[PDB]
Every structure is written in C-alpha cells, then in structure tokens.
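Here's the structure, in structure tokens; my notes come after.
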Number of protein chains: 2
Amino acid sequence: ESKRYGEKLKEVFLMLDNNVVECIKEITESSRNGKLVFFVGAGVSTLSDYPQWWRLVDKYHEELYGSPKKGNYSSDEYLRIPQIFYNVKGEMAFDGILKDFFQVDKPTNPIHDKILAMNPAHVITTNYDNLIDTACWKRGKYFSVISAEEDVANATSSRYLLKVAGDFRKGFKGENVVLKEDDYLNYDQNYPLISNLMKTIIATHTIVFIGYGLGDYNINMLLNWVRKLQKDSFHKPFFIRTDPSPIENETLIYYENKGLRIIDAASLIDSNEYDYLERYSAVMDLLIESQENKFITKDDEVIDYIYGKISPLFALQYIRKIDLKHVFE
Amino acid sequence: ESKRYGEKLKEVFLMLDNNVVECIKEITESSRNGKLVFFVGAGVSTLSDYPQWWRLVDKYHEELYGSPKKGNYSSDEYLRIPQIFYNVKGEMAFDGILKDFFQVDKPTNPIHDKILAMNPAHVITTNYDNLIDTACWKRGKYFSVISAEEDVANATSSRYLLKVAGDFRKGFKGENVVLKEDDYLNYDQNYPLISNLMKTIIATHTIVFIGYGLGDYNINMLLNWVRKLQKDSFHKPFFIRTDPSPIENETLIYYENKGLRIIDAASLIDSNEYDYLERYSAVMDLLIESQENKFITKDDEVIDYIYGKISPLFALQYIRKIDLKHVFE
Ligand SMILES: NC(=O)c1ccc[n+]([C@@H]2O[C@H](COP(=O)([O-])OP(=O)(O)OC[C@H]3O[C@@H](n4cnc5c(N)ncnc54)[C@H](O)[C@@H]3O)[C@@H](O)[C@H]2O)c1
Ligand SMILES: NC(=O)c1ccc[n+]([C@@H]2O[C@H](COP(=O)([O-])OP(=O)(O)OC[C@H]3O[C@@H](n4cnc5c(N)ncnc54)[C@H](O)[C@@H]3O)[C@@H](O)[C@H]2O)c1
C-alpha cells in the first residue's frame, strides 16, 4: 500500500506505450499552463453511491406497466419511458420520484479531489448532484456555478462550473434538468447560452473526459459537432476510459479518427471486474505524479527540466540568486 | 380455413370495438375515393423470408470483433456497427457483404396482393427489395418507381412508388441506400426532394402503416415532424400493429396522443407467438371484406348504402336502367 502503490505506479510508468506517455505529457503541460478543463459525467458521481439513471427508469417502467424490464435498457428506452410517464401519469408524479431518488446526501470520492488537484480552469459536468460543488467549496477553489440560462450573464468569478444538463438547486422538478426525450429534442432552443458557453471552452482549452462511457449521447453529439469544423483547428480531446474489459482495437481506431485521444484505464493495470475506484485512481495518480516529476530518471531528461527553465533567462545579463529559487519551484 | 374463415371474420367484425369499426369505415371510404396510401415497412418482406437487417449487423460484428454479440442489438448498434465496419474495413468490403446478403430472389407473399387490392393511390416503402415492384408489375398496376433524386423529375405516371430508403436497382452498393449512421444524419441533405414528396403525400392523402414496429426509428421521425404542424390540419395516420403480444394501455394512449390511430392485430384474434402471417391477414381481410359489403347486417345500413348511391341521381329527370347497373357496380 504505502510502498506497494508507490512502486507500482513508477513501474507502470516504464511500460506505457509512447502514445500514453505523449498524452500524459500534453495533459501535464496543459494543466501547468492553466488551460486544462475536465468534463465529469455519470461515473465520477456513482463512485459516491449516487443512484444511476436506469434505477429511475425502472421505477417509471414498473409504475407504468407493473414489472421491471427483462433485460438492460437501450439508449432509446432511457429517454422514452420517462417521457411516456410524463405524458400519461403527469408532471407532479414525475417529480415525486425525482424527489425520492435524488434527495439524498452522499460523500465525495477521492477522484473528486484529484480532479481539483490539477487546477482545472473550468469544470463541465453533465450530472445534477452537488458533489463536485461541495468538493470545490471545501477545498477552497471558488467556481461560479452555471446551471440555468439566467446564470450565464451573472457570473461573479472567472472560473466556471458549467452544468450543461440542468441542476436541482432551484428544486426537485423536471423543468430544471434534461431527462426526457423532448428535453433533448429542444436542448438547443431552451439552452442557447450554455451551448455556446460549452462549445467555446472546448475550442479554447484542453479537455479531459473522465467519468464517461464511449457510447454516450453527449460524446456522440460532441463528436458530431466536432466533425463540422475544418482541418485540425483545435486540440483533440483526451478520453479517460475506465471500463472493465480492455478496449478493442477496431473500436479504438474508429473513435481516434473522430477526435478522441483515448487513454484506457484497463490496460495500464490489472484489476477486478468491479474495482472502478482503482481504475480512475491509476490514471489520476499517474497524471498527478507525472506533474511532480517522480517519473523522471535519465541524463537527457535533467537537461530538459534544467534548460527548459534557464533558457528564457538568457536575455538578462545577470539574474539574482535570491530569486533563482523561483525560476525553479 | 376454406369455409370457416368467412364466418370467423364476420364474428370478429361483430365483436369489434367501436374505434376499430370507425377506423375501418374511414379506411374503406378513403380507398373508395382514391385517396389511400400505404406505408410499407420491413415486416412485409420478412413474410417472404427476406434477410432481416440484424443479420447484416451480426455479420459485420463477427467480421470486426471476431465473435457474435451477446444479446440483442439496440437502436445504436443498428447504425454504429455498420458505420464502424465501413470506416475500418472499407466501402468495398461493406458492399461485398451487402451483395452476398441481399442478392437473393424471394416470392411475393399474399399481403403484397391484399395491399394492392385496396387500390392505393401511392405506396411509400422503406425497404430496398423489389418485391413490391414485382407485385405491382404482375397485376397491371403501373407505379413510377422513385428511389433516387434524379427519379423525382423524370416521373411519367401519377401513381408513385416512393422508396424513401433507397434501392439496389443501380447496383448492390451502400451508396444507393441509407443503412449506416452517417447516412441517417445526412439524409435531409442527400435526399431533399424525396422527403418533400413523402411529406406532401402524407399531408394530402390517407396513410396506413403496415409492417412497422411502434418504436421504429422512421415512425418516430414522422411523429416528430407531424407535431411541428398546427392544429388538426390533416388526418391522423392509421397504424396496423401486428406484434405477438397485445398493446398495453399506457403505450396506446402515448402514441394516440401523438397523431396515430392504432389497429391492433393481436387484439382482434388469438394467434400463436410466431403466426405473423395470420395476424397480417386478420387485419388486411377485414378491410377488403368490408369493401365487399360482407358485413352489412341491418336495415339502417341497406337503406343507407342504396341511398348514398341513388341520392345524387335525384337531380336527373330520368336515368336509364343500364346506368343503375353502373351506379351500383
Ligand atoms: N443499462 C441497464 O439497463 C442496466 C441494467 C442493469 C444493470 N446495469 C448496471 O449499471 C452500471 C452502469 O451501466 P451503463 O449502461 O450506464 O454503462 P456505462 O459504461 O455507459 O456507464 C457509464 C460509466 O460509469 C463509470 N463508473 C464508475 N463507477 C461505476 C460503477 N460502480 N458502476 C458502473 N459504472 C461506473 C464507468 O466508467 C462507466 O463507463 C453497470 O454496472 C450495469 O451492470 C445497467
Ligand atoms: N429486437 C432486436 O434488437 C433483435 C436482435 C437480434 C435478433 N432479433 C430477431 O429478429 C426478429 C425481429 O427483430 P426486429 O429488429 O425486426 O424488431 P421487430 O420485432 O419490432 O420487427 C419489426 C416488425 O417486423 C414484423 N414482422 C412480420 N413478420 C415478422 C417475422 N417473421 N419476424 C419478425 N417480425 C416480423 C413485425 O410485425 C414488426 O412490427 C425478432 O423476432 C428476433 O428473433 C431481434
């Protein structure tokens, strides 16, 4: 643990392919320059035992028909069942179940802290829990929260916490979040400001995609928007994938040509089929410890961390030694 | 069968709900006025043993990932797996699978003839097989086939056969149909005239959906387009549903509020789990035998059928006896 984990991370750093090393090098540089923006989704919140969306679709399904579905719900059944419930049963009944499920208090997993350990310029989450807001407040990093159209102009600070999928701050109702099918069908007409505010950060910042699946609605919509741009014209987003099985090569080639630079979590380490907290932690600790220069051991590498900090100080003819402990950390 | 079927259909009609009776009467009136259009899907081709699309999505999966998938493909897999196989293995292999799977010759089931016996003014189909074209040709009905943009202007007849999903007439290649995921995204740009033609036919005619699942992709786009329209302004399409299990009440209310009048084939008879032909023929025979006046069993209907034919002739001073045999057929 104390020694095992420290040795394991440094050992895994030496076996990584050049692609993962380049991805980590770019992520660390973006974080140091101050242009790193995380994109948290469902998966960084379920580590805090937050309910998954299918557990509410099942409740809607068994309150409409009478029995849970015999299988896993598809992408259409995630938006169509709650819409059938809203149309048939009504709106107050649709909000009673939301109040029952989402009126819970849960802790903040360590990942929520690690995301704040890299100093992200912004944070773009597509979930409605206040776990990330609580973590940011407790760690002392003030972030202006933007969960409504009226919040875009009234931004007190410069760092954002854009919740592009609504929020339950104003109350536990379905008019503040995007859950049904018609909510997605009218997202660009009901949220015209948070769409621009999200598409601008993606184009003028480094983006990471922790906590997301590789076939989500949001990821595919973002890739559809990205394909409408020109030749390169922007930085390809990084995608931390933490699924149990290793990613197939065909599906990796298919997605790496659409913009993603995938960093699979179940390839640097071997873990159990349910140890998700130890798959997020591998990538996050790899990035954080790459920031701290722990994974630096070579003769030519010390002539880069030394030249890369002394070379700018060449126009000056004689710099003081009292502040020379500032050009280095 | 031979003689019991005539009594069984009459009993079913006598034991029908009033909504289905009204739907059948309106359908018969539309057929008699020449304003009936049939929307045929990929459920009248499987009666001819035509290869279902999930077999191609299974061959693509087997050739990509080496082994078949576990379970049943969702909506996204129906459009993404073919797209991944395209982007990875090339258009040549994509079309090689298409030619090997779709270059077959199947007969025309009795439903293709019951469809034509109702005398439709148009036929809109999302399948690519030429089964409906063969059925039209082998009965003396001339329909102008329309499966590409260049065919819209070069039409010669007034009765269209609008294949709104393409056709393999000009070669068994994937560029002549809509099968992938990017084909569906760029459909309004690649088929701007066929969409307008289909929308105009839907607006100015009576539509019956036969062969489509209720949660189909195509149906849920027409249902979204038909909501952007104003108040009533048109006629709600008829949907002939022939699934093995009866439709639930909530899902019936959900789709009847979206502008659909549903005729459930699994609620008018008692068929087996795989007796799809006996359910198609149970709803396509009620309409045809209602046209033939096999259900008139009251004096208020015999003094009305005669009156609807004879009343317009009251203007004429005297009609010949060889025209009374023309007024009635
Ligand atoms: N889809 C259904 O109807 C259904 C039915 C029964 C059970 N489940 C279970 O719900 C879980 C999520 O299913 P999904 O369809 O959203 O796949 P998903 O990959 O789209 O889930 C999103 C991401 O959540 C992340 N994550 C972090 N901790 C997790 C945890 N304990 N469990 C799951 N994900 C975690 C993962 O990185 C995952 O990629 C799965 O464990 C699944 O077995 C789903
Ligand atoms: N639903 C899936 O994703 C899936 C996946 C793998 C295999 N399958 C198999 O394919 C069959 C149909 O799958 P689908 O994707 O077309 O969904 P679906 O059942 O909704 O098919 C659409 C329509 O085909 C009509 N039809 C007429 N004859 C039919 C026949 N012999 N078999 C099936 N439908 C007939 C049905 O009335 C239906 O409305 C299923 O019975 C199953 O054995 C389905």
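Every chain in the structure tokens takes a letter, A first, then B, and so on in the order presented; its residues are numbered from 1, and the ligands are numbered from 1 following the presented order.
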- Query: Taking only C-alpha atoms and all ligand atoms into account, which residues are within 8 Å of ligand 2, as a ChimeraX atom specification?
  - Reply: /B:41-47,49,52-55,71-75,211-216,241-244,274-277,280
Could you tell me which residues of chain A sit within 8 Å of chain B when counting only C-alpha atoms, and give me the result as an MDAnalysis selection string?
chainID A and resid 64:65 74:76 84 87:88 248 250:251 253:254
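In the superposition of chain A on chain B, with all Cα atoms paired by position, the RMSD stands at 0.5 Å.
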Next item on the list: Would you please give, as a list in words, all residues of segment 54-164 of chain B that DSSP assigns to strand (DSSP E) based on the backbone?
Entry: residues 122, 123, 124, 125, 144, 145, 146, 160, 161, 162 and 163 of chain B
When DSSP works through the backbone of this structure, what residues of segment 89-247 of chain A end up as alpha helix (DSSP H), shown as number ranges by chain? A: 92-102, 110-117, 131-139, 181-185, 187-190, 192-203, 217-226
Take the residues from that selection and put them in a file with C-alpha atoms, as a short mmCIF file (atom, residue, chain, number, x, y, z; two decimals), in the first residue's frame.
data_model
loop_
_atom_site.label_atom_id
_atom_site.label_comp_id
_atom_site.auth_asym_id
_atom_site.auth_seq_id
_atom_site.Cartn_x
_atom_site.Cartn_y
_atom_site.Cartn_z
CA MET A 92 -46.18 16.13 -10.24
CA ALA A 93 -45.96 12.33 -10.21
CA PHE A 94 -42.91 12.62 -12.48
CA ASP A 95 -41.28 14.92 -9.90
CA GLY A 96 -42.22 12.85 -6.84
CA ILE A 97 -39.95 10.02 -7.96
CA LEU A 98 -37.16 12.50 -8.72
CA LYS A 99 -37.51 13.90 -5.20
CA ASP A 100 -37.48 10.38 -3.75
CA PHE A 101 -34.35 9.34 -5.65
CA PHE A 102 -32.21 12.50 -5.75
CA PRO A 110 -11.19 10.89 -3.75
CA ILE A 111 -11.46 11.32 -7.53
CA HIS A 112 -13.49 14.49 -6.96
CA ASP A 113 -10.45 15.78 -5.06
CA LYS A 114 -7.92 14.54 -7.63
CA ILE A 115 -9.81 16.39 -10.37
CA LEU A 116 -9.33 19.54 -8.28
CA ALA A 117 -5.66 18.65 -7.68
CA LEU A 131 -20.82 16.61 -5.06
CA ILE A 132 -18.34 18.50 -7.24
CA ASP A 133 -19.63 21.86 -5.98
CA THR A 134 -19.19 20.67 -2.39
CA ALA A 135 -15.66 19.46 -3.13
CA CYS A 136 -14.72 22.75 -4.79
CA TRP A 137 -16.14 24.77 -1.89
CA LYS A 138 -14.42 22.67 0.78
CA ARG A 139 -11.03 22.68 -0.96
CA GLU A 181 -36.71 12.73 -24.85
CA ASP A 182 -38.26 16.09 -25.70
CA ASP A 183 -35.82 17.75 -23.30
CA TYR A 184 -33.01 16.59 -25.59
CA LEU A 185 -35.12 17.40 -28.67
CA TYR A 187 -31.94 21.49 -25.87
CA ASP A 188 -30.61 23.96 -28.46
CA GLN A 189 -33.79 26.08 -28.27
CA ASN A 190 -34.18 26.09 -24.47
CA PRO A 192 -28.92 28.64 -26.34
CA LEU A 193 -26.39 30.24 -23.99
CA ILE A 194 -24.99 27.19 -22.16
CA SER A 195 -24.41 25.57 -25.55
CA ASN A 196 -22.19 28.42 -26.76
CA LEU A 197 -20.51 28.62 -23.34
CA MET A 198 -19.69 24.90 -23.60
CA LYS A 199 -18.58 24.94 -27.24
CA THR A 200 -16.24 27.87 -26.53
CA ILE A 201 -14.41 26.20 -23.63
CA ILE A 202 -13.94 23.07 -25.74
CA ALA A 203 -12.28 25.07 -28.53
CA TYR A 217 -25.37 10.54 -26.10
CA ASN A 218 -23.23 13.53 -25.10
CA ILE A 219 -19.99 12.11 -26.53
CA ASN A 220 -21.60 11.33 -29.89
CA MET A 221 -23.26 14.76 -30.07
CA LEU A 222 -19.93 16.44 -29.28
CA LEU A 223 -18.21 14.39 -31.97
CA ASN A 224 -20.95 15.29 -34.47
CA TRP A 225 -20.36 18.96 -33.71
CA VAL A 226 -16.59 18.46 -33.94
#
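Taking only C-alpha atoms and all ligand atoms into account, ligand 1 lies nearest to A:70 out of the set A:320, A:159, A:70, A:231.
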For residue 26 of chain A, list every protein, DNA or RNA residue within 12 Å, evaluated using only C-alpha atoms, and leave out those in the same chain fewer than 6 positions away; present the list as a ChimeraX atom specification. /A:19-20,32-33,35-36,206-208,235-238,261,287,290-291
Those selected residues, please, written with N, CA and C atoms and delivered as a CSV table (one decimal), in the first residue's frame.
chain,number,residue,atom,x,y,z
A,19,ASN,N,2.2,6.5,-27.0
A,19,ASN,CA,1.0,7.3,-27.1
A,19,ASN,C,0.5,7.7,-25.7
A,20,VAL,N,0.5,6.8,-24.7
A,20,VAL,CA,0.0,7.2,-23.4
A,20,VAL,C,1.0,8.2,-22.8
A,32,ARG,N,-0.3,22.7,-16.2
A,32,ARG,CA,0.6,23.7,-15.7
A,32,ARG,C,0.4,25.1,-16.3
A,33,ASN,N,0.1,25.2,-17.6
A,33,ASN,CA,-0.1,26.5,-18.3
A,33,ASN,C,-1.5,27.1,-17.8
A,35,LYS,N,-4.7,25.7,-18.7
A,35,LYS,CA,-5.7,25.6,-19.8
A,35,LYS,C,-6.3,24.2,-19.8
A,36,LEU,N,-6.4,23.5,-18.6
A,36,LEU,CA,-7.0,22.2,-18.5
A,36,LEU,C,-8.4,22.3,-18.0
A,206,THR,N,-7.8,22.8,-23.1
A,206,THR,CA,-7.6,21.4,-23.1
A,206,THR,C,-8.7,20.7,-22.3
A,207,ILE,N,-9.2,19.6,-22.9
A,207,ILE,CA,-10.4,18.9,-22.4
A,207,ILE,C,-10.1,17.5,-22.0
A,208,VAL,N,-10.5,17.0,-20.9
A,208,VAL,CA,-10.4,15.6,-20.5
A,208,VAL,C,-11.8,15.2,-20.1
A,235,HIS,N,-7.5,21.4,-30.5
A,235,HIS,CA,-6.8,20.3,-29.9
A,235,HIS,C,-7.8,19.1,-29.7
A,236,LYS,N,-7.4,17.9,-30.0
A,236,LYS,CA,-8.2,16.7,-29.9
A,236,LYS,C,-8.4,16.4,-28.4
A,237,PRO,N,-9.6,16.2,-28.0
A,237,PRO,CA,-9.9,16.0,-26.5
A,237,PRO,C,-9.3,14.6,-26.1
A,238,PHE,N,-8.9,14.5,-24.8
A,238,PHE,CA,-8.5,13.3,-24.2
A,238,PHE,C,-9.7,12.6,-23.6
A,261,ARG,N,-8.6,11.1,-28.1
A,261,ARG,CA,-7.3,10.5,-27.8
A,261,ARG,C,-7.5,9.7,-26.5
A,287,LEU,N,-1.2,10.9,-13.7
A,287,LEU,CA,-1.1,12.3,-14.1
A,287,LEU,C,-0.5,13.2,-13.0
A,290,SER,N,3.1,12.5,-12.5
A,290,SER,CA,3.9,13.0,-13.6
A,290,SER,C,4.1,14.5,-13.5
A,291,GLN,N,3.1,15.2,-12.9
A,291,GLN,CA,3.3,16.6,-12.6
A,291,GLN,C,4.5,16.8,-11.6
Kindly give the distance, in Å, that separates atom CA of residue 57 of chain B and atom CA of residue 164 of chain B, rounded to a single decimal.
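If I compute the distance from atom CA of residue 57 of chain B to atom CA of residue 164 of chain B, I get 20.8 Å.
The protein and nucleic acid residues lying at most 7 Å from residue 239 of chain A are residues 208, 209, 210, 260, 261, 262 and 263 of chain A, with only C-alpha atoms considered and sequence neighbours fewer than 6 positions away removed.
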Report, in Å with one decimal, the straight-line distance from atom 10 (O, counted along the ligand's line) of ligand 1 to atom CA of residue 240 of chain A.
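Computing it gives 18.6 Å between the two atoms.
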ask   = Skipping near chain neighbours, those fewer than 5 positions away, what residues fall within 8 Å of residue 9 of chain B using only C-alpha atoms, listed as a list in words?
value =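 Residues meeting the cut-off are residues 282, 285 and 286 of chain B.
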Discussion item. Using only C-alpha atoms, which protein or nucleic acid residues come within 12 Å of residue 327 of chain A? Drop anything in the same chain fewer than 2 positions from it, and give the result as number ranges by chain.
Written reply: A: 305-313, 319-325, 329
Residues from the last selection, C-alpha atoms, saved as a JSON list (two decimals), in the first residue's frame:
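That gives us part23.json:
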[["chain", "number", "residue", "atom", "x", "y", "z"],
["A", 305, "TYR", "CA", 13.96, 20.40, -16.88],
["A", 306, "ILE", "CA", 17.15, 22.48, -16.43],
["A", 307, "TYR", "CA", 17.42, 24.00, -19.91],
["A", 308, "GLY", "CA", 13.64, 24.48, -20.09],
["A", 309, "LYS", "CA", 13.78, 26.81, -17.08],
["A", 310, "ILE", "CA", 17.14, 28.57, -17.66],
["A", 311, "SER", "CA", 16.86, 29.19, -21.40],
["A", 312, "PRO", "CA", 14.31, 32.05, -21.04],
["A", 313, "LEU", "CA", 16.70, 33.75, -18.60],
["A", 319, "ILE", "CA", 19.94, 37.40, -12.50],
["A", 320, "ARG", "CA", 19.93, 37.35, -8.71],
["A", 321, "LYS", "CA", 20.43, 34.10, -6.83],
["A", 322, "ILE", "CA", 17.91, 35.08, -4.14],
["A", 323, "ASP", "CA", 15.02, 34.66, -6.59],
["A", 324, "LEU", "CA", 16.71, 31.85, -8.55],
["A", 325, "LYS", "CA", 14.72, 29.51, -6.28],
["A", 329, "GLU", "CA", 9.91, 25.67, -7.93]]
